[PDB]
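Peer 1: Please see the structure below; I have some questions.
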Amino acid sequence: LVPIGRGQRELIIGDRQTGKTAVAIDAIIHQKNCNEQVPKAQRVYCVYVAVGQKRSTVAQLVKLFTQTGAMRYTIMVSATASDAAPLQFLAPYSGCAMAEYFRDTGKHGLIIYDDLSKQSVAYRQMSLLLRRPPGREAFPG
Amino acid sequence: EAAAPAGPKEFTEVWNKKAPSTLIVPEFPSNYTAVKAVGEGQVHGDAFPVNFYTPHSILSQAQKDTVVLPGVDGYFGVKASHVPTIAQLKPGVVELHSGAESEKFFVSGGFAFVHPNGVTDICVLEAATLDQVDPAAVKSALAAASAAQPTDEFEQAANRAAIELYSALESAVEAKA
Amino acid sequence: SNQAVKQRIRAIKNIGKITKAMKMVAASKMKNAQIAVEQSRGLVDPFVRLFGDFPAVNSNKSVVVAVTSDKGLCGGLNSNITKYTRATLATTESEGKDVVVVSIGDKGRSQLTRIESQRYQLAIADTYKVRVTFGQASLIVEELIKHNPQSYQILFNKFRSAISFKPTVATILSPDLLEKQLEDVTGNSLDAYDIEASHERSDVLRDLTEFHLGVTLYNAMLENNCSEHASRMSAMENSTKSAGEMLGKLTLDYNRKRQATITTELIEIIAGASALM
Amino acid sequence: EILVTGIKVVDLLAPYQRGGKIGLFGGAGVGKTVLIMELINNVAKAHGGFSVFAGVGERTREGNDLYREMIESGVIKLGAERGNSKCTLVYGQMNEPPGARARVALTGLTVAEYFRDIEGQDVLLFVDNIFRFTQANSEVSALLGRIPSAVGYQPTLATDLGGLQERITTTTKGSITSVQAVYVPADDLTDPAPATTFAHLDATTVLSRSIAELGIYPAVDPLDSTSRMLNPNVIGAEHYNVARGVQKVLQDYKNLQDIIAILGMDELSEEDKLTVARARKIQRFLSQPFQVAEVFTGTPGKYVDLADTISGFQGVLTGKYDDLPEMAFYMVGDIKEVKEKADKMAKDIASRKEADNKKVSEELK
Amino acid sequence: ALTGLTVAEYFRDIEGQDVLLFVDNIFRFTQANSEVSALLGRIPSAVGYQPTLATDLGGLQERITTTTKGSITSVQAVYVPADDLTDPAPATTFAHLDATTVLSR
Amino acid sequence: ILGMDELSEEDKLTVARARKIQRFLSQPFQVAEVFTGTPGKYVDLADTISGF
Amino acid sequence: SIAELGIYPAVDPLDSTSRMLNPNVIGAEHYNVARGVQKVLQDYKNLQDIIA
Amino acid sequence: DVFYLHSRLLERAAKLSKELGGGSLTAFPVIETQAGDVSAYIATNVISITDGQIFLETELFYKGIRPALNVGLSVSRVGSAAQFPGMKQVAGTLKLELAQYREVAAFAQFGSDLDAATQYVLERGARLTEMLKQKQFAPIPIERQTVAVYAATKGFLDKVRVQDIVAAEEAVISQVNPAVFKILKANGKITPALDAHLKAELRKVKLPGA
Amino acid sequence: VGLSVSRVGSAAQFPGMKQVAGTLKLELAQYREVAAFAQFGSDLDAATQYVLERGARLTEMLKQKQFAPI
Amino acid sequence: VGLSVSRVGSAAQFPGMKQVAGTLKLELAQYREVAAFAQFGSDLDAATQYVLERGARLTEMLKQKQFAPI
Ligand SMILES: Nc1ncnc2c1ncn2[C@@H]1O[C@H](COP(=O)(O)OP(=O)(O)OP(=O)(O)O)[C@@H](O)[C@H]1O
Ligand SMILES: Nc1ncnc2c1ncn2[C@@H]1O[C@H](COP(=O)(O)OP(=O)(O)O)[C@@H](O)[C@H]1O
Ligand SMILES: [Mg+2]
Ligand SMILES: [Mg+2]
């Protein structure tokens, strides 16, 4: 129904506990299933950016990825909820810089910014505590 | 022999045992019928209750003293206590009488009962009084009816009904008194 | 956000207007089709005064008719009749007999072909599309004596009042099969009548029970049509009061969200201005 | 690993993990203290380890009630037998200033963290209203000189709540089974303080105000409560399929809710009137009497085992109980007790016409 | 409205009479005080009214009373904004009203 | 939607009372007799309670 | 709403406006078929609520 | 801190221990809602502070039912242990009969139809409703309340029409001899010696109407 | 399905799925077209009842489990 | 028509229009309250169908082309 492409940014939007992380995980697991099959340059290297999630969920996700063998191609950037708000703000950029290595060197990357609705709350925390004037829902400009 | 007495009282027990107990027992047309046949009364002398009926209208429900009805064996008058009869009617003029004054409805067929308690029931499908019929149409309609006689005898049954009704209507419009 | 509840208020408001229109449409249709019901009530009683009322007969082939409605906002009428239909159809089936089930009105065919599909041979709709007349009931009754049953159960709603609609069952016995026999006591109860017809009594009773089936079928669909309009007049009344209670609740919810929106937008503006002032 | 609580809507539709964070979301008077007292009653007795109760900004009446009901239960022993006590109370109740309510959850966490890390134990940490932690920081941050974020909360909401909630974990050397109550501030689940703490929980049990207005207690919303244990690879497919079937029937009844309002049930399809009757049954069958609610209702409590709920909810789904009335399922434990209530409703409609009780010759007794 | 209350308060406190006071649109009194407190730099309360809405209304409505020498009765025209009786300006004004005269079309 | 003919006699007696009650709530004012001619009425409370 | 019916381009025929839609500008024959299309579309938009 | 404003005020209404004199303090905060909305900020604040609630409905109040207590939404679970016994005996079947009366709300013959077998609970819940109505500034002693609701809920006012239960219950209080009120207040419960003399006193009174 | 869009559409999916998926995308639009007309039960002319099962079979085809990509 | 007011009102209109428009706004109000029945097939009691056709020709009376005042 909604087919992705190879350089496409596709938003997984929904309410809580509807299966957004699940769609992203099936994308990463399917890329492990197809990387063992294609000649060396159609292989997709995944990056999971886990912003704002609890550390138990990231442990469950690393357990799942390593028991299915998908951790061989996956990087996981994990700025959890107890981390400082600049680490949660900066972890999508860290993960994108890790996954841009494969884009810049002829390979193919795939990145999931899981809970990008939490990077904005961490950025709002930083900008309100740096005394920058708030806006819509007190988010920065 | 009546050892299997169907009825409204005897449907109720088989219903109360078989059907669910949430429902009230379904009604019957006997529950809406106030006057009957076998249980006597309703005459009190020279009067008798006449109920002249059509599916679209209730033409009379008063009491009369004589009614003359066009039976298949000819006309016949029903006085206050006639013999109980089920008289099929042919096309003709049903005439009510309450005394000196009379109303004459021309009917198309039907039946006519009079019951053992003296109540009579005239049951016809269409009864138009003689003022409502024009005679210029019944003559041309009988001329168009007594002319074309198809061999399909369903249509000749309809033609026989046509010429019977129209002829009795034509004799019913020169029969003013 | 605060636009969906506004158009939802508009939708419920127009639904309330629609159902208040349909209520008085059904009121006008009940007020004119009531005199026809009281006029047709006369002809059914000379036959039940003559033949009587024998619902609990033992027959071997029987046609049961459920007189339903065509349009589907009746509010608990056709379901009531398909309850009573099988409630009396299981009451009079204990003999290992044949049953043909017929429905008048296609909301009967939507409700009877799932509850008795083994016995359902006929579905008659579009009966109320202009008006019900006696020739129409006569054609339907001729389709009922296409089969040759021993009895006829007719299920309809008698227009008792504008609020009460008593569901009735009316029974018609076949002439040579049960009509002479359910009158036998100490001889016969029909022998007091002197037949003044052309042929023998086995044809007079044939003509009389065909007439009696047609008359009670005419009155059946006519009474049921008046009660269908009178129950639609009450169901649309409940629909207006329900869509008025819903509108009165949803307007309060809209006013709460309106006040909350003005407060939170103003708090956003003050918080953005206090950071600079 | 699953933690059976003995509550039907909790076991079936959102089962609790034995070492995970558990949230009870409620809206001021829907029953999340009675639910947490029933979880103490059902869980903390059969648990062999230690319990901590952190009362963060709740009624002091309830703190005295829990203390006395724990002394008479023997869970707290006074004086010389104090070493056999199994529970530690830490109380920062709603009379305390906001600096005390904002740090008393950390006290309760520290007492639980000692038993987790040092003693190697399995701990239960009940926190009554973890919302009041967030609210107390929101009270003190208005005076700390910060620009406020959305609805009026501090700009550091999520990092405050995350730095508190990331300490309540099962580690490799101990487990904290934490049941937290969360208050939603104006029956608003989109308020930032409930919406922030949805993310730190394994099982959310969202309690509804309208379900409580129906009279169905506990007022757990079956279509707003979730769990990570509702998965066939942990609870088995026979439990998972009946839970997803019950949720499917309750959602398919929720989709008819305004048609039933503005038109009535008279016009619905007979494959959907079956759905409405079955869902009115299985939403009375989630109702349950509690052992802690028997003091103000009088009906005794019903602990229902898990297999009883799974079999009892298969039966209403398949159609094995379509003849029993709706109210036969209300406030009963098992599907067995539906059958003894269904016929007891049919004695008592027949016991109206049996006798004419008069009392004679007792004026000299 | 306070000028009108003063001219009525003379006839109450000095003349010793039963005075009427017609405050035409008490809502426009509320709205004018909302504008005044917005111009003085104060933070608005709920929907946008003054924080002092209850006490600015109660400064007017509490001098309209019966004392030992006379009384002031007050027939106040009430405007209800956005057809909303729970709007805080008519919700505050209705707390002081002792009667209600609804004129219908 | 139905008509005054189908009403009860007590459901027409309330109509016959309420029409003259709502007519008896009317009053000609003294401030309108400048331009409407009909003189104005000042009704006491004792007359009002008994007359209703 | 037009695009959820699969109709592309999803131009709202009512909510679109132009300064050229004037009988002095594009001609009265064009203007009347435009206003007639908008008339029948607004009538159907008002009838959908009683259709459902 | 508008929660703390009310919480630090209402927490001072306590029942002290026996070491502190045994004194108490009962609080009745009053909260005005707007259009019956109890999901307001302050209303949900004080609901989550106070032990019970007394919801007063505008629909009942403008239907003549005064005190207009919403009997379903109103709770008090702390003072339910501290009830007058005897009143606790009859109040159970009182609010159970009113509870199954609230299942006959807006569909007696308003909603769809009538079954007319639950006319007993309909014309019983009406008499229990007009039993609980009460005028202003006249509070009733508890022993005369429990006698009045005993006469209501045991069926001793079952024959009286709905229009004069206000007169029927004051006739019950004025006509039943005032010894039983002293027995009921001193014993504090409807003792097995007392229900007999109560039921003997309750059949010999002339209730108006009928 | 009605609210989830994609900018590339074709030219960036499987060609064999491109043969068999346009007739699924439009047929689910037909299936959603009749869901607001399934509360009465008139069942017009075996069309609004035929796609009422055909699209309902397609939406059941699109369901799948978790952690098990195909 | 129902939401457009003029608080000056009839004191400042054409006196030849004032005796004709007082009928017009009244029967336009009558047409506005009977506005759902225009979309119906079952005709009502012809005290409403009369005001339906009358109000329809009255709304078509008040139409006016642009830049051509009367
Ligand atoms: N295809 C599926 N089939 C069955 N269950 C599923 C499917 N996808 C997800 N789930 C279940 O739904 C629940 C929510 O999934 P998931 O965590 O992916 O959603 P989420 O939106 O990321 O939630 P959160 O916002 O809490 O992170 C999980 O418990 C998972 O077991
Ligand atoms: N399981 C239940 N059974 C019966 N009544 C309940 C139940 N849960 C809550 N209630 C009622 O709801 C009220 C809510 O009490 P409580 O749990 O203290 O609310 P809160 O959610 O504000 O802590 C209780 O007084 C009780 O009367
Ligand atoms: Mg997620
Ligand atoms: Mg609490």
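Naming scheme: A, B, ... for chains in displayed order of the structure tokens; residues 1 onward per chain; ligands 1 onward as shown.
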Please provide as an MDAnalysis selection string all residues within 12 Å of region 34-48 of chain F, with the sequence filter that same-chain residues fewer than 4 positions apart are discarded (counting only C-alpha atoms).
Peer 2: chainID F and resid 21 24:30 52
Peer 1: Restricting the output to C-alpha atoms, write the selected residues as an mmCIF file, in the first residue's frame.
Peer 2:
data_model
loop_
_atom_site.group_PDB
_atom_site.id
_atom_site.type_symbol
_atom_site.label_atom_id
_atom_site.label_comp_id
_atom_site.auth_asym_id
_atom_site.auth_seq_id
_atom_site.Cartn_x
_atom_site.Cartn_y
_atom_site.Cartn_z
ATOM 1 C CA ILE F 21 -53.073 32.954 31.907
ATOM 2 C CA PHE F 24 -53.408 37.819 31.879
ATOM 3 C CA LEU F 25 -49.649 38.311 32.148
ATOM 4 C CA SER F 26 -49.883 41.258 29.725
ATOM 5 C CA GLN F 27 -50.189 44.757 31.100
ATOM 6 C CA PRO F 28 -50.547 48.251 29.624
ATOM 7 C CA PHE F 29 -47.821 50.504 30.928
ATOM 8 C CA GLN F 30 -48.114 54.085 32.110
ATOM 9 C CA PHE F 52 -54.156 34.436 39.378
#
Peer 1: As a VMD selection string, please: every residue in region 120-168 of chain C that DSSP puts in alpha helix (DSSP H).
Peer 2: chain C and resid 134 to 144
Peer 1: Step by step, measure atom-to-atom distances between ligand 4 and each residue using only C-alpha atoms and all ligand atoms, keep those at most 9 Å, then write them as a PyMOL selection string.
Peer 2: (chain D and resi 28-29+31-34+57-59+62+128-129+181+183) or (chain H and resi 48-49)
Peer 1: Store the residues picked out above in a file with C-alpha atoms, as a PDB file, in the first residue's frame.
Peer 2:
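Saved file selection06.pdb follows:
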ATOM      1  CA  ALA D  28      -9.771  11.483  40.736  1.00  0.00           C
ATOM      2  CA  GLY D  29     -12.325   9.072  42.063  1.00  0.00           C
ATOM      3  CA  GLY D  31     -10.547   3.742  41.910  1.00  0.00           C
ATOM      4  CA  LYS D  32      -6.772   3.604  41.623  1.00  0.00           C
ATOM      5  CA  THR D  33      -6.203   3.433  45.361  1.00  0.00           C
ATOM      6  CA  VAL D  34      -8.708   0.600  45.775  1.00  0.00           C
ATOM      7  CA  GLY D  57       1.160  13.163  48.029  1.00  0.00           C
ATOM      8  CA  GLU D  58      -1.922  11.142  48.979  1.00  0.00           C
ATOM      9  CA  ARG D  59      -4.345  11.257  51.893  1.00  0.00           C
ATOM     10  CA  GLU D  62      -5.141   6.370  53.755  1.00  0.00           C
ATOM     11  CA  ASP D 128       0.599   5.987  45.395  1.00  0.00           C
ATOM     12  CA  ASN D 129       0.425   8.839  42.876  1.00  0.00           C
ATOM     13  CA  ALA D 181      -0.654   5.039  40.480  1.00  0.00           C
ATOM     14  CA  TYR D 183      -3.390  10.669  38.365  1.00  0.00           C
TER      15      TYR D 183
ATOM     16  CA  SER H  48      -9.053  13.587  45.089  1.00  0.00           C
ATOM     17  CA  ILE H  49      -8.608  15.125  48.558  1.00  0.00           C
TER      18      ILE H  49
END
Peer 1: Please, which residues of chain A, numbered as in this document, come out strand (DSSP E or B) from DSSP, as a ChimeraX atom specification?
Peer 2: /A:44-51,74-79,108-114
Peer 1: With all C-alpha atoms matched in order and chain J superposed on chain I by least squares, what's the RMSD to one decimal?
Peer 2: 1.2 Å
Peer 1: Using only C-alpha atoms, determine which residues lie at most 12 Å from region 7-22 of chain J, disregarding the query and same-chain residues fewer than 6 positions distant; provide the list as a PyMOL selection string.
Peer 2: chain J and resi 28-29+58+62
Peer 1: Distance limit 8 Å, atoms considered: only C-alpha atoms. Which chain A residues sit that close to chain C? Return them as a list in words.
Peer 2: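 Applying the cut-off to the listed atoms yields residues 131, 132, 133, 134, 135, 136, 137 and 138 of chain A.
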Peer 1: Keeping only N, CA, C and O atoms, write those residues as an mmCIF file, in the first residue's frame.
Peer 2:
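Output saved as part-v4.cif:
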data_model
loop_
_atom_site.group_PDB
_atom_site.id
_atom_site.type_symbol
_atom_site.label_atom_id
_atom_site.label_comp_id
_atom_site.auth_asym_id
_atom_site.auth_seq_id
_atom_site.Cartn_x
_atom_site.Cartn_y
_atom_site.Cartn_z
ATOM 1 N N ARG A 131 16.864 29.933 28.108
ATOM 2 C CA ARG A 131 16.058 31.149 28.127
ATOM 3 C C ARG A 131 15.805 31.694 26.728
ATOM 4 O O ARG A 131 15.835 32.900 26.500
ATOM 5 N N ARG A 132 15.544 30.823 25.816
ATOM 6 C CA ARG A 132 15.065 31.235 24.513
ATOM 7 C C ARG A 132 13.547 31.270 24.518
ATOM 8 O O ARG A 132 12.915 30.423 25.145
ATOM 9 N N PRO A 133 12.937 32.240 23.843
ATOM 10 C CA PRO A 133 11.511 32.491 24.026
ATOM 11 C C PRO A 133 10.658 31.401 23.405
ATOM 12 O O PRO A 133 10.867 31.010 22.249
ATOM 13 N N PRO A 134 9.692 30.886 24.147
ATOM 14 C CA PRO A 134 8.901 29.754 23.674
ATOM 15 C C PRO A 134 7.877 30.154 22.623
ATOM 16 O O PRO A 134 7.656 31.327 22.341
ATOM 17 N N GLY A 135 7.242 29.138 22.052
ATOM 18 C CA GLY A 135 6.255 29.350 21.017
ATOM 19 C C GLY A 135 5.033 28.474 21.147
ATOM 20 O O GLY A 135 4.402 28.428 22.202
ATOM 21 N N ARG A 136 4.687 27.782 20.069
ATOM 22 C CA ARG A 136 3.561 26.859 20.061
ATOM 23 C C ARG A 136 3.863 25.659 20.937
ATOM 24 O O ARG A 136 4.837 24.948 20.685
ATOM 25 N N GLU A 137 3.023 25.438 21.954
ATOM 26 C CA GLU A 137 3.209 24.421 22.993
ATOM 27 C C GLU A 137 4.547 24.575 23.697
ATOM 28 O O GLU A 137 5.147 23.593 24.124
ATOM 29 N N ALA A 138 4.992 25.823 23.802
ATOM 30 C CA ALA A 138 6.293 26.254 24.307
ATOM 31 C C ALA A 138 7.467 25.626 23.588
ATOM 32 O O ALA A 138 8.564 25.594 24.130
#
Peer 1: Check which residues fall inside 9 Å of ligand 1 when counting only C-alpha atoms and all ligand atoms, and print them as a count of residues only.
Peer 2: 35
Peer 1: Select all residues from chain B having any atom no more than 8 Å from an atom of chain C (counting only C-alpha atoms, ignoring ligands), output as a PyMOL selection string.
Peer 2: chain B and resi 1-2+4-8+10-11+14-15+18-20+26-30+33+35-37+53-58+71-73+83-89+113+115-116+121+123
Peer 1: Could you jot down the CA of residue 67 (chain E) to CA of residue 100 (chain E) separation for me, Å, one decimal place?
Peer 2: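 Value for the CA of residue 67 (chain E)-CA of residue 100 (chain E) distance: 22.5 Å.
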Peer 1: Applying 12 Å and only C-alpha atoms, which residues near residue 33 (chain G) remain after dropping the ones on its own chain fewer than 6 positions away? List them as a list in words.
Peer 2: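 Counting only the stated atoms, we get residues 21, 22, 23, 26, 27, 39 and 40 of chain G.
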Peer 1: Put those residues in a file: N, CA and C atoms, as a PDB file, in the first residue's frame.
Peer 2:
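Everything below was put into out28.pdb:
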ATOM      1  N   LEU G  21     -13.964  34.541 -12.755  1.00  0.00           N
ATOM      2  CA  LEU G  21     -15.295  33.949 -12.791  1.00  0.00           C
ATOM      3  C   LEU G  21     -16.308  35.078 -12.675  1.00  0.00           C
ATOM      4  N   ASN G  22     -16.537  35.736 -13.807  1.00  0.00           N
ATOM      5  CA  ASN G  22     -17.388  36.885 -13.938  1.00  0.00           C
ATOM      6  C   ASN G  22     -17.941  36.801 -15.345  1.00  0.00           C
ATOM      7  N   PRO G  23     -19.235  37.069 -15.544  1.00  0.00           N
ATOM      8  CA  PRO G  23     -19.804  36.948 -16.891  1.00  0.00           C
ATOM      9  C   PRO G  23     -19.336  38.020 -17.842  1.00  0.00           C
ATOM     10  N   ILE G  26     -15.057  36.073 -18.684  1.00  0.00           N
ATOM     11  CA  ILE G  26     -14.913  34.834 -19.433  1.00  0.00           C
ATOM     12  C   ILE G  26     -16.116  34.543 -20.304  1.00  0.00           C
ATOM     13  N   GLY G  27     -17.135  35.386 -20.271  1.00  0.00           N
ATOM     14  CA  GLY G  27     -18.308  35.136 -21.074  1.00  0.00           C
ATOM     15  C   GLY G  27     -19.408  34.464 -20.292  1.00  0.00           C
ATOM     16  N   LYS G  39     -23.804  24.934  -8.351  1.00  0.00           N
ATOM     17  CA  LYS G  39     -25.146  24.813  -7.791  1.00  0.00           C
ATOM     18  C   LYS G  39     -25.519  23.361  -7.547  1.00  0.00           C
ATOM     19  N   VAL G  40     -25.284  22.491  -8.536  1.00  0.00           N
ATOM     20  CA  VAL G  40     -25.618  21.077  -8.366  1.00  0.00           C
ATOM     21  C   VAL G  40     -24.688  20.414  -7.349  1.00  0.00           C
TER      22      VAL G  40
END
Peer 1: Using only C-alpha atoms, determine which residues of chain I fall within 10 Å of chain G; present them as a PyMOL selection string.
Peer 2: chain I and resi 1-3+26+29-30+32-33+36-37+39-40
Peer 1: What is the distance between CA of residue 10 (chain H) and CA of residue 67 (chain D), in Å to one decimal?
Peer 2: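 One can read the CA of residue 10 (chain H) to CA of residue 67 (chain D) distance as 20.7 Å.
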Peer 1: For residue 13 (chain H), work out the shell of residues within 10 Å, counting only C-alpha atoms and skipping chain neighbours fewer than 4 positions away, then give it as a PyMOL selection string.
Peer 2: (chain D and resi 61) or (chain H and resi 8-9+24-28+50)
Peer 1: Just C-alpha atoms for this one: save the residues we selected as a JSON list (two decimals), in the first residue's frame.
Peer 2:
[["chain", "number", "residue", "atom", "x", "y", "z"],
["D", 61, "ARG", "CA", -6.14, 9.07, 56.24],
["H", 8, "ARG", "CA", -2.95, 21.53, 53.17],
["H", 9, "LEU", "CA", -6.31, 22.96, 54.26],
["H", 24, "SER", "CA", -12.03, 15.39, 65.58],
["H", 25, "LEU", "CA", -12.74, 17.88, 62.83],
["H", 26, "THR", "CA", -15.23, 17.28, 60.03],
["H", 27, "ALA", "CA", -14.99, 19.37, 56.87],
["H", 28, "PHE", "CA", -17.59, 20.19, 54.23],
["H", 50, "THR", "CA", -11.94, 14.67, 50.29]]
Peer 1: Show me, as an MDAnalysis selection string, every residue of chain D with an atom at most 7 Å from chain I, counting only C-alpha atoms.
Peer 2: chainID D and resid 267:269
Peer 1: Counting only C-alpha atoms, what is within 10 Å of residue 245 (chain C), bar same-chain residues fewer than 5 positions away, as a ChimeraX atom specification?
Peer 2: /C:239-240,250-251 /D:261-262
Peer 1: Only residues of chain H matter here; which ones have an atom within 9 Å of chain C, counting only C-alpha atoms? Give them as a ChimeraX atom specification.
Peer 2: /H:35,37,110-113
Peer 1: Do you know which residues are at most 6 Å from region 79-83 of chain A counting only C-alpha atoms, after dropping those on the same chain fewer than 6 positions away, and could you put them as a tab-separated table (two decimals) with N, CA and C atoms, in the first residue's frame?
Peer 2:
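Listing of part.tsv after writing:
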chain	number	residue	atom	x	y	z
A	51	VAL	N	15.51	7.32	21.13
A	51	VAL	CA	15.51	8.55	21.90
A	51	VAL	C	14.40	8.49	22.93
A	52	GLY	N	14.73	8.78	24.18
A	52	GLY	CA	13.72	8.95	25.20
A	52	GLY	C	13.11	7.68	25.74
A	53	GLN	N	13.41	6.53	25.15
A	53	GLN	CA	12.84	5.28	25.61
A	53	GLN	C	13.52	4.85	26.89
A	54	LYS	N	12.88	3.93	27.60
A	54	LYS	CA	13.53	3.45	28.80
A	54	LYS	C	14.59	2.43	28.44
A	55	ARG	N	15.53	2.24	29.36
A	55	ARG	CA	16.70	1.43	29.09
A	55	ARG	C	16.36	-0.05	29.04
D	162	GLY	N	12.09	10.83	34.07
D	162	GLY	CA	12.91	9.75	33.55
D	162	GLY	C	14.04	9.39	34.49
D	163	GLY	N	14.66	10.38	35.12
D	163	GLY	CA	15.69	10.08	36.09
D	163	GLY	C	15.14	9.43	37.34
Peer 1: Calculate how many Å separate CA of residue 8 (chain G) from CA of residue 30 (chain G), rounding to one decimal.
Peer 2: 22.4 Å
Peer 1: I need the contact residues of chain E against chain H, so if you could list those with any atom within 12 Å, counting only C-alpha atoms, and return them as a list in words, that would help.
Peer 2: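 Taken together, these residues fit the definition: residues 46, 84, 85, 86, 87, 88, 90, 91, 92, 94 and 95 of chain E.
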Peer 1: Taking N, CA and C atoms for each residue, export the selection above as a short mmCIF file (atom, residue, chain, number, x, y, z; two decimals), in the first residue's frame.
Peer 2:
data_model
loop_
_atom_site.label_atom_id
_atom_site.label_comp_id
_atom_site.auth_asym_id
_atom_site.auth_seq_id
_atom_site.Cartn_x
_atom_site.Cartn_y
_atom_site.Cartn_z
N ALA E 46 -8.28 32.93 33.36
CA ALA E 46 -9.09 32.14 32.44
C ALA E 46 -9.82 33.04 31.46
N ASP E 84 -22.71 31.16 26.01
CA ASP E 84 -22.00 30.29 26.93
C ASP E 84 -22.21 30.80 28.34
N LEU E 85 -23.07 30.14 29.10
CA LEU E 85 -23.32 30.58 30.46
C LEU E 85 -22.18 30.24 31.39
N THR E 86 -21.30 29.33 31.00
CA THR E 86 -20.15 28.98 31.80
C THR E 86 -18.93 29.80 31.46
N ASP E 87 -19.06 30.75 30.53
CA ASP E 87 -18.04 31.76 30.33
C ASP E 87 -17.86 32.51 31.64
N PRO E 88 -16.63 32.78 32.07
CA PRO E 88 -16.44 33.27 33.44
C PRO E 88 -16.99 34.66 33.71
N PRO E 90 -20.25 35.88 32.57
CA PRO E 90 -21.59 35.64 33.09
C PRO E 90 -21.63 34.63 34.21
N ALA E 91 -20.68 33.70 34.31
CA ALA E 91 -20.65 32.81 35.46
C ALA E 91 -20.34 33.56 36.74
N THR E 92 -19.52 34.61 36.66
CA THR E 92 -19.30 35.44 37.83
C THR E 92 -20.46 36.38 38.09
N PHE E 94 -23.67 35.93 37.40
CA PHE E 94 -24.83 35.18 37.88
C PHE E 94 -24.72 34.82 39.34
N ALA E 95 -23.52 34.85 39.91
CA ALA E 95 -23.35 34.61 41.32
C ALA E 95 -23.90 35.74 42.16
#
